[PDB]
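The chain contents come next:
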Amino acid sequence: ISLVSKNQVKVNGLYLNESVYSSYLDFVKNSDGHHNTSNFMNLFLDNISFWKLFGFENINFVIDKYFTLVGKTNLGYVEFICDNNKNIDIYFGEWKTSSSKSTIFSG
């Protein structure tokens, strides 16, 4: 986290284990095609209630160019990143089954 002003608080990066990542995946799937914009992450942060961490509710978290989100599945880890036009897509992800290994390697 990073602090900017009285109301604006900069969000840098998030790391999520299995249960919080599964809740995040359910929130992603339940959205009506709103899984791309960076304003979606403000809705997920309001769903997870970081204002309970910060005490008072009137805080607008800002998402900036290099925001990241490293989830974790049962088999491996998937990390996301924001880009120059404020959109979130996968950066890297690698879940390793006992017989086969999968990567994505965005690029």
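Residues numbered from 1 in each chain as written, not as in the entry; some residues may be left out. Part of a larger assembly, values for the part shown. Heavy atoms only, no water.

Its PDB header attributes the entry to cryo-EM and lists the resolution as 3.20 Å.

The name the PDB entry gives the protein is Toxin A, with Clostridioides difficile as the organism. This entry appears in the Protein Data Bank under the title "Clostridioides difficile Toxin A with mCDIFA-248-25 Fab".

**Topic: the side chain of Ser-38**
The residue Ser-38 is located in the loop between α1 (18-30) and α2 (39-48) in this model. Other than its neighbours up to four places away in sequence, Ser-38 contacts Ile-63, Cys-82, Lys-86 and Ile-88. (Helix = DSSP H or I, 4+ residues; strand = E, 2+ residues; numbered from the N terminus. Contact = heavy atoms within 4.5 Å.)

**Description of α2**
Residues of α2 that are buried include every one of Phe-40, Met-41, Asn-42, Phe-44 and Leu-45, and no others. Structurally, α2 contributes buried residues whose contacts are with β3 (13-15), α1, β4 (60-62), β5 (68-70) and β7 (88-95). Positive backbone phi, approximately 60°, marks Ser-49, located one or two places after α2. (Buried < 20%, exposed > 50% of the residue type's maximum accessible area, 1.4 Å probe, protein only.)

**A closer look at the packing of aromatic side chains**
Ring pairs (aromatic) are described by centroid distance and by the angle formed between their planes. Following the criterion strictly, the structure yields 10 aromatic pairs and no others. When the ring of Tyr-21 is compared with that of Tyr-24, the centres are 6.3 Å apart and the planes differ by 35°; the resulting orientation is tilted. Taken together, the residues span about one helical turn, with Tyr-21 and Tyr-24 both in helix α1 at a distance of three residues. The class of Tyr-24 is buried, set by a relative accessible area of 4%. Ring pairs connect the aromatic residues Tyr-21, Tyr-24, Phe-27, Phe-40, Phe-44 and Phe-80, which therefore count as one cluster. (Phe/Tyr/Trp six-rings, centres within 6.5 Å; stacked < 30°, edge-to-face > 60°.)

**Topic: the pattern of salt bridges**
The tally for this structure, following the rule as stated, stands at two salt bridges. Across the salt bridge formed by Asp-64 and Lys-10, the nearest N and O atoms sit 3.0 Å from each other. Here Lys-10 lies in strand β2 (residues 8-10) and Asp-64 lies in the loop between β4 and β5, a separation of 54 residues in the sequence. Note on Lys-10: relative accessible area 23%, which makes it partly exposed. A salt bridge links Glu-94 to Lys-96; its shortest N-O distance comes to 2.8 Å. Since its relative accessible area comes to 15%, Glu-94 is described here as buried. (Salt bridge = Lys/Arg side-chain N within 4 Å of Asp/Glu carboxyl O.)

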